[PDB]
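Shown here is one chain on its own, the form solved without this ligand, set out as structure tokens.
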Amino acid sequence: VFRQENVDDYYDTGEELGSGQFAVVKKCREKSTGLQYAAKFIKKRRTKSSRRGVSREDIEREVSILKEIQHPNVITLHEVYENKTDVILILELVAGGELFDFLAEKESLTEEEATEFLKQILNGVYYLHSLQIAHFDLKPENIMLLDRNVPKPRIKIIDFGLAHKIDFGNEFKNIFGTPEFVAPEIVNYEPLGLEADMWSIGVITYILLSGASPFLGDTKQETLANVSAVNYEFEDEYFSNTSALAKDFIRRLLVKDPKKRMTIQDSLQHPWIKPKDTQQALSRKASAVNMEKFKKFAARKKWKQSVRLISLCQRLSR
């Protein structure tokens, strides 16, 4: 259950690692073991009609999913506490930052190297899908590294606030994520399943290799319209060194019809991920990411977010 004892009895609480919409994350240390975690304090809605805070229904769903998860590429939940105002999640400390930020420090990145990270994401999603769990918010900021200063950094998928067990009953309603990454079925209010995560993966992979966002338009409407129409391209500007294999991987994920979209199992057998011969293998090693545009994209994304924040504060400040 949610433990009703005082978390401060069991944890030292440290510096603030994050400042979410109705949440704060602090580093914490379990006193008995000395082991470090992240404590995320989720504010509960104070009454049923209040639009502020998180409903208990939503918190239980998230926790119920998190308690089940045990995989090296997905964040794990250690304990949960609850007081009058907050539900406190004691989570695995994931401190290596975003994958894209790590990659953006590199001189160069081959498709080979990129798939080594990609593979880990696909294994984490295959694990979730095997448990009938849909993430529903797969995007680069939710793909983190445990520790960025090892020779082979480990991916952790995070942020299960939109995730559902896929069952006849509701995968739905507070399902609205980021336009650039959501599948057509989400944008069009159609049945959802595990397939929405597979679309998200194609969009991530697309940006991984190119430093462009497939369905982004000048506005939120164009963006959503381009998703609904599956209107994208491989532009020569961004994709002149991208292998045929990689393009086909993306192509089979960016598919409107969720039933024709590659499953997570298909994606792991696909020869861009699992070459059948040296030909396919060497091609992956010969073929390198557009790193100038990729760095421009990671950086612009962060500047775009900061502006968007300021502009929001600004609109209201008037």
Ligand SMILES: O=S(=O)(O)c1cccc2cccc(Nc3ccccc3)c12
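Residue indices: 1-based, along the sequence shown. Only the largest set of C-alpha atoms that superpose within 1.5 Å between the two forms is called the rigid core.
Note that the form solved in complex with this ligand isn't included here; everything after this is about it.
Of the candidate stretches 244-252, 201-209, 158-166, 113-121, only 158-166 has residues whose heavy atoms lie within 4.5 Å of this ligand in the deposited bound form. The contact with this ligand in the deposited bound form, taken as any heavy atom within 4.5 Å, belongs to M144 out of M144, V87, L194, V182. Proximity to this ligand in the deposited bound form, defined as a heavy atom within 4.5 Å, holds among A134, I186, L91, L103 only for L91. At the 4.5 Å threshold, heavy atoms of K40 reach this ligand in the deposited bound form. Heavy atoms of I75 reach within 4.5 Å of this ligand in the deposited bound form, making it an interface residue. Although the partner is absent here, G14 is not a contact residue: none of its heavy atoms lies within 4.5 angstroms of this ligand in the deposited bound form. Of all the residues from 3-20, those having a non-hydrogen atom no more than 4.5 Å from this ligand in the deposited bound form are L17, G18, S19, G20. For the residue set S130, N170, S240, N188, core-aligned C-alpha shifts between this form and the one not shown reach 2 angstroms or more at a single site, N170. In the deposited bound form, the Cα-Cα separation between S64 and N170 grows by 3 Å or more relative to the displayed conformation. Relative to this form, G169 and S130 approach one another in the deposited bound form, with their C-alpha atoms ending up at least 3 Å closer.
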